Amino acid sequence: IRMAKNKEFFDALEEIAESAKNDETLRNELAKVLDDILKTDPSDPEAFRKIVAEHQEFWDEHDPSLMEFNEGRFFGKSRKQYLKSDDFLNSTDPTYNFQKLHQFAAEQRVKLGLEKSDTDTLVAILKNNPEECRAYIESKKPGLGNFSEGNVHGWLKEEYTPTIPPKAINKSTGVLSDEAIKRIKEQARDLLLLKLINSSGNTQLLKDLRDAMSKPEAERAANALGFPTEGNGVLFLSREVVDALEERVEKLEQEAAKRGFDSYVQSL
């Protein structure tokens, strides 16, 4: 058991995002909830408790436990009072405080937008370094969130690395940490691999990836499938990608057997 609902809201954001993977209506609803959280100053605990509680209708549709107020404990407190206390959302939480919830929300908002993003954006996430990634995410507004000054609290002014042309960089590590960018790249990796797998008809190449026994072997196959070498640093085969690989090879082999049979059954 944990004090207050802080951790439950963390896990709820992830699990609702999961349920939104193929539910476009829920995606838009969750995007608005995340957008509202991100525009709120997490060092203003009253404004932050208020923006979370203001979406009670949304939270109730997914887990009534988040907004549940058992008047058995906290008996001297009304519901309106509880929703403003640390017993609802603990601002001094050692682990899941409002700053961490804000930072988590920024990462989820990007991943939410990545889900249906095109190939080129997945590749851009893998090719850009973390500073470049933050600026690129701003460039995609609002597809990956409204990451811009005044619309996400603490988002910094865009800077530039003096190449020709200047490359946009953003140093808002207090909003999207380097570790959040790393997990964003891991999700982009999986999303892109799944696209390349579905588009490929090269059964042997897909088998080479499916049967890879080491990272160099996986790199050679994935790169031949179109995965960018700039993503090799984060290349790791996850459960979902392995499962897609097995099913795709099986489908291609069934289809190949149905044709090789017919090219023979009416031939002779």
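From 1 onward, residues are counted along the sequence shown.
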- Task: Mind pulling up the entry and telling me whether 254 to 262 or 10 to 18 has the higher mean Cα temperature factor?
- Result: 254 to 262
- Quick one: higher average CA temperature factor, 66 to 74 or 203 to 211? 66 to 74
- Task: Using the temperature factors in the entry, find which of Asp86, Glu115, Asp120, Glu186 has the highest value at its Cα atom.
- Result: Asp86
- Task: Specify which of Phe147, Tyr82, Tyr136, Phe104 carries the largest Cα B factor in the deposited PDB entry.
- Result: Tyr82
- Message: Considering every modelled residue of the chain and its Cα B-factor in the PDB entry, is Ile37 in the lowest, middle or highest third?
- Response: middle
- Cα B factor band for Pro94 (lowest, middle or highest third within the chain): highest
- CA B-factor placement of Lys140, once the chain's modelled residues are sorted into thirds: middle
- Task: Using the B-factor values recorded in the entry, state whether the Cα atom of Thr173 falls in the lowest, middle or highest third among the modelled residues of its chain.
- Result: middle
- Query: By the record's CA B-factor, is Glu219 among the lowest, middle or highest third of residues in the chain?
  - Reply: lowest
